[PDB]
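This structure is in structure tokens; I'll ask about it shortly.
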Number of protein chains: 2
Amino acid sequence: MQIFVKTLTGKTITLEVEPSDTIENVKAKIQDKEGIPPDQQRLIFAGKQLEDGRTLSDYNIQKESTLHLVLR
Amino acid sequence: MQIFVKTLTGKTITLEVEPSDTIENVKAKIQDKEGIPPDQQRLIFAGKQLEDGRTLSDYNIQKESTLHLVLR
């Protein structure tokens with residue numbers, strides 16, 4: 001399924017993922033596309049910070065869901 | 001003395017500093033805690049941008065003062 005990630009600068013990125021994909025895997029996909037190291041990235045969905053040891057399905061993230069990316 | 005630094009994402013960081021500490025030293029402390037390189041950080045206090053060659057006392061920053069961090 002496709003998901004969207006918005007940046008602090010107003011950019012939107014589209015990613016192809018599976019509900020069984022891990023958050024760490026998602027961060028890795030972002031690194032590949034934007035060059036941002038996973039340790040400097042924070043992912044938020046519906047006001048909650050997503051953990052690297054959990055999956056998309058655990059957060060009930062559905063197709064065309066939009067995640068927010070924060071930089072540290 | 002303790003000071004506070006707020007981020008663009010709404011996070012607040014507490015740092016231990018001395019009035020004789022330099023702004024560059026303060027940035028270095030932030031790098032250690034957040035991983036943000038000093039060249040990408042801008043510190044603002046009471047509407048003024050702080051320079052790397054000046055100290056906290058020069059800006060009359062007192063205990064429990066709150067600084068604002070900007071990213072470039």
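Method reported for this entry: solution NMR.
Backbone N, Cα and C define each Cβ position, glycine as well.
Dumping what Swiss-Prot says about this protein:
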type	residues	note
CROSSLNK	B:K6	ubiquitin cross-link
CROSSLNK	B:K11	ubiquitin cross-link
CROSSLNK	B:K27	ubiquitin cross-link
CROSSLNK	B:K29	ubiquitin cross-link
CROSSLNK	B:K33	ubiquitin cross-link
CROSSLNK	B:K48	ubiquitin cross-link
CROSSLNK	B:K63	ubiquitin cross-link
MOD_RES	B:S65	phosphoserine
MOD_RES	B:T66	(Microbial infection) ADP-ribosylthreonine
SITE	B:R54	site 'Interacts with activating enzyme'
SITE	B:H68	site 'Essential for function'
SITE	B:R72	site 'Interacts with activating enzyme'
At the level of the C-alpha atoms, what whole-angstrom distance separates B:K63 (ubiquitin cross-link) and B:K6 (ubiquitin cross-link)?
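Here the two Cα atoms are 15 Å apart.
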Please state whether DSSP places B:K27 (ubiquitin cross-link) in a helix, a strand or coil.
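Helix, per DSSP.
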Considering only the recorded positions B:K48, B:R54, B:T66, B:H68, which residue has the minimal Cα-Cα separation from B:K6 (ubiquitin cross-link)?
B:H68
Could you tell me which of these recorded positions, B:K33, B:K63, B:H68, has the greatest number of Cβ atoms within 10 Å of its own Cβ?
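It comes out as B:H68.
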Work through the recorded sites one by one (B:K6, B:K27, B:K29, B:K48) and point out the residue whose CB has the fewest other CB atoms within 10 angstroms.
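Looking at the recorded sites B:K6, B:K27, B:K29, B:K48, the Cβ with the fewest others within 10 Å is that of B:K48.
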Consider the recorded positions B:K11, B:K27, B:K29, B:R54 and say which one has the Cα lying nearest the Cα of B:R72 (site 'Interacts with activating enzyme').
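Closest by Cα: B:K27.
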For each of the modified residues (B:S65, B:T66), count the other CB atoms lying within 10 A of its CB, then report the residue with the highest count.
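Checking each of B:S65, B:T66, the winner is B:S65.
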May I ask which of the recorded positions B:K11, B:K48, B:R54, B:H68 is closest to B:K33 (ubiquitin cross-link) if we compare their C-alpha atoms?
B:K11
Please report the Cα separation of B:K11 (ubiquitin cross-link) and the residue listed as 'phosphoserine' in Å, rounded to an integer.
15
Suppose we draw a 10 Å sphere around the Cβ of B:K11 (ubiquitin cross-link). How many other Cβ atoms does it contain, all chains included?
13
Out of B:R54, B:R72, which of the recorded sites has the smallest number of neighbouring Cβ atoms within 10 Å?
B:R72
